[PDB]
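Asks: Let me begin by handing over the structure; questions about it come next.
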Amino acid sequence: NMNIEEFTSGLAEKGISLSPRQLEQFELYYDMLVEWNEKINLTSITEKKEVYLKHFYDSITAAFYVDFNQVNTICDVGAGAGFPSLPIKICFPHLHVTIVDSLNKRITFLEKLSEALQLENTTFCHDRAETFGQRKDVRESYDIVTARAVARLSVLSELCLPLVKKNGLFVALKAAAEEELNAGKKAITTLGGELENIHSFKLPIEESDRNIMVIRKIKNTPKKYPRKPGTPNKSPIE
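For the sequence shown, the working numbering assigns the number 6 to the initial residue and increments by one for each residue that follows.
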(Lines of atoms letter the chains of each structure in order from A; the text may use other names.)
(Lines give C-alpha, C1' and ligand atoms only; values in the text may rest on other atoms or scores of the structure.)
Protein backbone atom coordinates (compact mmCIF):
# COMPACT_ATOMS: atom_id res chain seq x y z
CA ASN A 6 0.00 0.00 0.00
CA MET A 7 3.03 2.23 -0.63
CA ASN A 8 2.73 4.58 -3.62
CA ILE A 9 5.78 5.98 -5.45
CA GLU A 10 5.74 9.24 -3.45
CA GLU A 11 5.50 7.43 -0.12
CA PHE A 12 8.38 5.20 -1.25
CA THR A 13 10.49 8.16 -2.39
CA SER A 14 9.72 10.36 0.64
CA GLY A 15 10.08 7.48 3.12
CA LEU A 16 13.60 6.80 1.88
CA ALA A 17 14.46 10.52 1.80
CA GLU A 18 13.57 10.74 5.53
CA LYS A 19 16.16 8.01 6.17
CA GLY A 20 18.87 9.71 4.11
CA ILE A 21 18.37 7.93 0.79
CA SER A 22 17.49 10.28 -2.09
CA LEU A 23 16.65 8.46 -5.33
CA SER A 24 17.64 9.81 -8.76
CA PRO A 25 15.37 9.44 -11.83
CA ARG A 26 17.62 6.51 -12.86
CA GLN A 27 17.15 4.74 -9.53
CA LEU A 28 13.37 5.20 -9.72
CA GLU A 29 13.29 3.78 -13.25
CA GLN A 30 15.39 0.85 -12.05
CA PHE A 31 12.69 0.00 -9.46
CA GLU A 32 9.94 0.25 -12.09
CA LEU A 33 11.84 -2.18 -14.30
CA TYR A 34 12.54 -4.46 -11.36
CA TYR A 35 8.78 -4.56 -10.66
CA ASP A 36 7.90 -5.27 -14.31
CA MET A 37 10.45 -8.07 -14.65
CA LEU A 38 9.63 -9.64 -11.29
CA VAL A 39 5.90 -9.93 -12.07
CA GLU A 40 6.53 -11.11 -15.66
CA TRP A 41 8.97 -13.85 -14.66
CA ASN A 42 6.71 -14.78 -11.72
CA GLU A 43 4.26 -16.07 -14.37
CA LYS A 44 6.98 -18.50 -15.53
CA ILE A 45 8.41 -19.48 -12.08
CA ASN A 46 7.70 -18.94 -8.32
CA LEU A 47 9.56 -15.72 -7.46
CA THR A 48 7.16 -13.78 -5.25
CA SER A 49 3.96 -14.26 -3.21
CA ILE A 50 3.15 -10.59 -3.82
CA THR A 51 2.46 -9.05 -7.25
CA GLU A 52 0.42 -5.88 -6.64
CA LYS A 53 2.75 -2.97 -7.39
CA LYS A 54 2.29 -0.95 -4.17
CA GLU A 55 2.65 -4.15 -2.16
CA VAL A 56 5.94 -5.03 -3.91
CA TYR A 57 7.31 -1.50 -3.33
CA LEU A 58 6.54 -1.78 0.38
CA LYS A 59 7.24 -5.46 1.14
CA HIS A 60 10.15 -6.10 -1.19
CA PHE A 61 11.82 -2.84 -2.20
CA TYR A 62 11.36 -0.69 0.90
CA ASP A 63 11.66 -3.69 3.26
CA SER A 64 15.02 -4.62 1.64
CA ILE A 65 16.38 -1.07 1.79
CA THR A 66 15.67 -0.88 5.55
CA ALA A 67 18.99 -2.66 6.10
CA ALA A 68 20.65 0.59 4.93
CA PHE A 69 18.91 2.45 7.75
CA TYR A 70 21.07 0.56 10.29
CA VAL A 71 24.28 -0.26 8.46
CA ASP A 72 26.29 2.28 6.42
CA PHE A 73 26.75 0.79 2.94
CA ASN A 74 28.92 3.76 1.91
CA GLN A 75 31.67 2.32 4.16
CA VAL A 76 31.78 -1.07 2.46
CA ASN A 77 32.53 -2.50 -0.96
CA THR A 78 31.45 -6.14 -1.20
CA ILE A 79 28.13 -7.86 -0.37
CA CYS A 80 27.05 -11.47 -0.61
CA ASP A 81 23.36 -12.28 -0.44
CA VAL A 82 22.21 -15.78 0.51
CA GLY A 83 18.78 -15.19 -1.02
CA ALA A 84 15.31 -16.49 -1.95
CA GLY A 85 16.16 -16.00 -5.67
CA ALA A 86 14.35 -12.72 -6.39
CA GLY A 87 17.27 -10.48 -5.38
CA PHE A 88 16.03 -9.31 -1.97
CA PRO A 89 17.51 -7.49 -0.15
CA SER A 90 20.81 -6.97 -1.98
CA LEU A 91 19.50 -5.73 -5.32
CA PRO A 92 17.34 -2.89 -3.94
CA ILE A 93 20.41 -2.01 -1.78
CA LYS A 94 22.65 -2.15 -4.87
CA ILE A 95 20.27 0.23 -6.72
CA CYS A 96 20.57 2.67 -3.79
CA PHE A 97 24.34 2.13 -3.39
CA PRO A 98 25.62 1.43 -6.90
CA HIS A 99 29.33 1.34 -5.82
CA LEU A 100 28.68 -2.05 -4.25
CA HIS A 101 30.02 -5.31 -5.68
CA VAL A 102 27.16 -7.76 -5.15
CA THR A 103 27.20 -11.56 -5.26
CA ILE A 104 24.02 -13.58 -4.86
CA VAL A 105 24.15 -17.35 -4.31
CA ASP A 106 21.00 -19.40 -5.07
CA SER A 107 20.27 -23.14 -5.38
CA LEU A 108 17.84 -22.90 -8.33
CA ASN A 109 19.37 -22.20 -11.73
CA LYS A 110 16.03 -20.89 -13.03
CA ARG A 111 16.23 -18.14 -10.40
CA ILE A 112 19.87 -17.44 -11.29
CA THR A 113 18.67 -16.95 -14.88
CA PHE A 114 16.08 -14.38 -13.72
CA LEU A 115 18.74 -12.50 -11.70
CA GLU A 116 21.14 -12.40 -14.66
CA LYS A 117 18.43 -10.98 -16.99
CA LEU A 118 17.28 -8.56 -14.30
CA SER A 119 20.82 -7.28 -13.71
CA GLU A 120 21.32 -6.78 -17.46
CA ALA A 121 18.03 -4.87 -17.86
CA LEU A 122 18.86 -2.71 -14.85
CA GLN A 123 22.35 -2.07 -16.25
CA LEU A 124 24.01 -3.06 -13.00
CA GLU A 125 27.81 -3.25 -12.81
CA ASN A 126 29.79 -5.61 -10.58
CA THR A 127 27.11 -8.23 -9.94
CA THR A 128 27.95 -11.92 -9.70
CA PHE A 129 25.34 -14.68 -9.62
CA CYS A 130 26.33 -18.15 -8.49
CA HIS A 131 24.21 -21.27 -8.88
CA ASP A 132 25.17 -23.19 -5.76
CA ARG A 133 23.98 -24.53 -2.44
CA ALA A 134 25.06 -22.09 0.30
CA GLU A 135 26.76 -24.99 2.14
CA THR A 136 28.87 -25.68 -0.94
CA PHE A 137 29.52 -21.99 -1.65
CA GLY A 138 30.86 -21.31 1.89
CA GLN A 139 33.48 -24.04 1.70
CA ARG A 140 34.95 -22.67 -1.54
CA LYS A 141 38.46 -21.27 -0.99
CA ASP A 142 37.83 -18.34 -3.37
CA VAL A 143 34.78 -16.93 -1.51
CA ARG A 144 35.06 -18.16 2.11
CA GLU A 145 35.34 -15.22 4.54
CA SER A 146 35.73 -12.81 1.63
CA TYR A 147 32.77 -10.37 1.91
CA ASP A 148 32.40 -7.09 3.85
CA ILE A 149 28.73 -7.77 4.48
CA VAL A 150 26.67 -10.91 4.06
CA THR A 151 22.92 -10.29 3.99
CA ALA A 152 19.99 -12.63 4.20
CA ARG A 153 16.30 -11.94 4.33
CA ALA A 154 14.95 -15.35 5.18
CA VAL A 155 12.41 -17.32 7.17
CA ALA A 156 15.23 -19.75 8.05
CA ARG A 157 15.87 -20.47 11.70
CA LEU A 158 18.64 -18.14 12.92
CA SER A 159 20.94 -21.08 13.82
CA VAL A 160 20.64 -22.44 10.28
CA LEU A 161 20.93 -19.02 8.63
CA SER A 162 24.05 -18.24 10.69
CA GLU A 163 25.80 -21.45 9.51
CA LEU A 164 25.12 -20.51 5.90
CA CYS A 165 26.08 -16.83 6.24
CA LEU A 166 28.84 -16.32 8.82
CA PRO A 167 31.47 -18.46 6.97
CA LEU A 168 31.28 -15.97 4.07
CA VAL A 169 31.89 -12.85 6.19
CA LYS A 170 35.45 -11.48 6.32
CA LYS A 171 36.98 -10.96 9.74
CA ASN A 172 35.53 -7.74 11.23
CA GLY A 173 32.77 -7.67 8.58
CA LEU A 174 29.01 -8.00 9.23
CA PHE A 175 26.29 -10.57 8.85
CA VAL A 176 22.95 -8.74 8.54
CA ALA A 177 19.78 -10.82 8.92
CA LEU A 178 16.41 -9.32 8.00
CA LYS A 179 13.69 -11.15 9.93
CA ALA A 180 10.06 -10.65 10.99
CA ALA A 181 10.46 -11.63 14.71
CA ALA A 182 10.98 -15.74 19.20
CA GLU A 183 13.00 -15.89 22.45
CA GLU A 184 13.73 -19.62 21.88
CA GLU A 185 15.19 -19.40 18.34
CA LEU A 186 17.12 -16.26 19.24
CA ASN A 187 18.69 -18.15 22.16
CA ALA A 188 19.72 -21.06 19.90
CA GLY A 189 20.81 -18.46 17.33
CA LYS A 190 23.05 -16.66 19.82
CA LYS A 191 24.91 -19.88 20.60
CA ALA A 192 25.39 -20.80 16.93
CA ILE A 193 26.61 -17.24 16.22
CA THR A 194 29.32 -17.57 18.90
CA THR A 195 30.39 -21.00 17.58
CA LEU A 196 30.61 -19.65 14.04
CA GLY A 197 32.90 -16.73 15.03
CA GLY A 198 30.29 -13.98 15.31
CA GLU A 199 29.08 -11.57 17.97
CA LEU A 200 25.59 -10.09 18.01
CA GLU A 201 25.94 -6.28 18.02
CA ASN A 202 22.33 -5.12 17.72
CA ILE A 203 18.79 -6.19 17.10
CA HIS A 204 16.77 -3.33 15.65
CA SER A 205 13.01 -3.74 16.09
CA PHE A 206 10.58 -1.60 14.17
CA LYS A 207 7.39 -1.77 12.10
CA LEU A 208 6.98 -1.67 8.36
CA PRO A 209 5.21 1.57 7.39
CA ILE A 210 1.50 1.42 6.45
CA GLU A 211 1.05 -2.30 7.22
CA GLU A 212 2.66 -1.79 10.68
CA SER A 213 3.94 -5.38 10.77
CA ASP A 214 6.90 -6.16 13.01
CA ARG A 215 10.39 -6.38 11.60
CA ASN A 216 13.75 -7.20 13.21
CA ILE A 217 17.20 -6.65 11.76
CA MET A 218 20.07 -8.44 13.46
CA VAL A 219 23.61 -7.10 12.98
CA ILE A 220 26.36 -9.56 13.82
CA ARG A 221 30.07 -8.75 13.77
CA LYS A 222 32.56 -11.34 12.54
CA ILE A 223 34.99 -11.32 15.49
CA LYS A 224 37.00 -14.49 14.74
CA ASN A 225 37.42 -17.08 11.99
CA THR A 226 34.74 -19.71 11.41
CA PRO A 227 35.82 -23.29 12.24
CA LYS A 228 36.68 -25.29 9.09
CA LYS A 229 33.87 -27.81 9.65
CA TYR A 230 31.26 -25.07 8.98
CA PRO A 231 29.22 -24.89 6.88
CA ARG A 232 28.51 -28.62 6.99
CA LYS A 233 27.40 -30.57 3.88
CA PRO A 234 24.30 -29.39 1.90
CA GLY A 235 21.24 -30.25 4.01
CA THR A 236 23.13 -31.02 7.23
CA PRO A 237 22.53 -27.55 8.79
CA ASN A 238 18.78 -27.99 8.19
CA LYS A 239 18.68 -31.56 9.53
CA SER A 240 20.88 -30.90 12.56
CA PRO A 241 21.18 -27.15 13.26
CA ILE A 242 24.19 -26.19 15.41
CA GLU A 243 21.85 -25.21 18.22
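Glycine included, C-beta positions come from ideal geometry on N, C-alpha and C.
Do you know whose CA, among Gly83, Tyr35, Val105 and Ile79, lies nearest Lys94's CA?
Replies: Taking only the C-alpha atoms, the option nearest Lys94 is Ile79.
Asks: Over the uninterrupted alpha helix (DSSP H) stretch that includes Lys190, give me the two end residues.
Replies: Segment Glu183 to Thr195, the alpha helix (DSSP H) holding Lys190.
Asks: Please return the same chain residues whose Cβ sits closer than 6 Å to the Cβ of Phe97, not counting the five positions on each side in sequence.
Replies: Excluding positions up to five away in sequence, the list reads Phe73.
Asks: How about the segment 172 to 191 and the segment 102 to 112: do they share at least three Cβ pairs that are nearer than 8 Å?
Replies: Too few Cβ pairs lie closer than 8 Å, so no.
Asks: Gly198 bridges to which residues according to DSSP?
Replies: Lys222.
Asks: What distance in whole Å lies between the Cβ atoms of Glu201 and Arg221, which are believed to be in contact at a cut-off of 8 Å?
Replies: Between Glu201 and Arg221 the Cβ distance is about 5 Å, and since that is below 8 Å, they are a contact.
Asks: What does a CB cutoff of less than 8 Å around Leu164 pick up in its chain, not counting 5 residues either side in sequence?
Replies: Here the set comprises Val82, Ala134, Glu135, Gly138, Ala152, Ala156, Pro231 and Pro237.
Asks: Going by the DSSP bridge assignment, what does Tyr147 pair with across the sheet?
Replies: The partner list for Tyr147 (beta bridge, DSSP) reads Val169.
Asks: Roughly how many angstroms separate the alpha carbons of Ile217 and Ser14, rounded to a whole number?
Replies: Using only the alpha carbons, I get a separation of about 22 Å.
Asks: From the DSSP output, read off the bridge partner residues of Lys179.
Replies: In the DSSP output, where bridge partners are listed per residue, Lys179 has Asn216.
Asks: What is the rounded straight-line gap between the Cα of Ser240 and the Cα of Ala154?
Replies: Taking the straight line from one Cα to the other gives about 18 Å.
Asks: Please classify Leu158: does DSSP put it in a helix, a strand, or coil?
Replies: The answer is helix: DSSP assigns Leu158 an H, G or I state.
Asks: Given this structure, state the Cα-to-Cα distance separating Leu91 from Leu158, to the nearest angstrom.
Replies: Roughly 22 Å between the two C-alpha positions.
Asks: Hey, would you say the C-beta of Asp132 is under 8 Å away from at least one heavy atom of the ligand MG?
Replies: In the structure on display, the ligand MG does not appear, and there are no ligands present to speak of.
Asks: Identify whether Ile45 lies in helix, strand or coil by the three-state DSSP scheme.
Replies: Reduced to three states, the DSSP call for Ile45 is coil.
Asks: Grab me the residues of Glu211's own chain with a C-beta within less than 8 Å of its C-beta, minus the 5 sequence neighbours each way, in chain order.
Replies: So the list reads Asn6, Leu58 and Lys59, once near-sequence residues are dropped.
Asks: Among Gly87, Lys110 and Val150, whose alpha-carbon lies nearest the alpha-carbon of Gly198?
Replies: Nearest option by C-alpha distance: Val150.
Asks: Just to confirm, is the Cβ distance from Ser213 to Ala182 under 9 Å?
Replies: No, these two residues do not count as a Cβ contact at 9 Å.
Asks: Might you give, ordered along the chain, the residues of its own chain that have their beta carbon closer than 7 Å to the beta carbon of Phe88, omitting 5 neighbours on each side?
Replies: Correct list, in chain order: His60, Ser64 and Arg153.
Asks: Fully enclosed by the segment 64 to 114, which alpha helix (DSSP H) runs are 4 residues long or longer?
Replies: Counting only runs of 4 or more, we get 90 to 96.
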